[PDB]
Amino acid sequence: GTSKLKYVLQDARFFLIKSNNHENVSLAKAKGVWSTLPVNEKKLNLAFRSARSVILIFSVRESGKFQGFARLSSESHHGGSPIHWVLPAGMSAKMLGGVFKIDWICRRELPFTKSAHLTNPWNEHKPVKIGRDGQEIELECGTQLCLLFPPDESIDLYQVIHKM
């Protein structure tokens, strides 16, 4: 069902995450971690203290789909054992030093063709698929986008609900 999922999304904040490659989303799904540019890291740290849930919605560039979504379970931290991210052409590993712990809520994909009716007021009401890495998605758009994903029956939201 969808009732526990709606409870987790209640009064959440939502951020679009754009990855240049599938390898980093696969690593994030396996290890429960994410890293982003410092500008976005500052935004996520602010949001994590401000809201009951901060939701990251993942899209690999050029894939035409979202690959799932996850809830922040910590602010960023540095100095842990380094994660072997695949780094884009012109950026170093010091940029992605801040590591967030995340709990996956859905590891299933959603094609952009299924979200074409949802627009993001915080990006000029462009379709929600459009936006830079770190773009915040307004509450109603973000909630409806998450509810479009196929249910992930492998995930038990009971443990996430406790962290809230």
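Numbering starts at 1 and runs along the sequence shown. Here the rigid core means the biggest group of C-alpha atoms that line up within 1.5 Å when the two forms are laid on top of each other.
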Subject >> Which of 34-42 and 54-62 strays further in 8 other deposited structures of this protein - Cα RMS after rigid core alignment >> reply: 34-42
Original post:
Comparing C-alpha positions in 8 other deposited structures of this protein against this form, with the rigid core used for the fit, which stretch differs more, 108-116 or 95-103?
Top reply: 95-103
Original post:
Per the PDB record, is the mean Cα temperature factor higher over 38-46 or over 120-128?
Top reply: 38-46
**OP:** Using only the Cα atoms and their B-factors as the entry lists them, report which of 92-100 and 109-117 averages higher.
**Re:** 92-100
Original post:
Mind checking which third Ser19 falls in for C-alpha B-factor across the chain?
Top reply: middle
**OP:** Name the third of the chain's ranked CA B-factors that contains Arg61, choosing lowest, middle or highest.
**Re:** highest
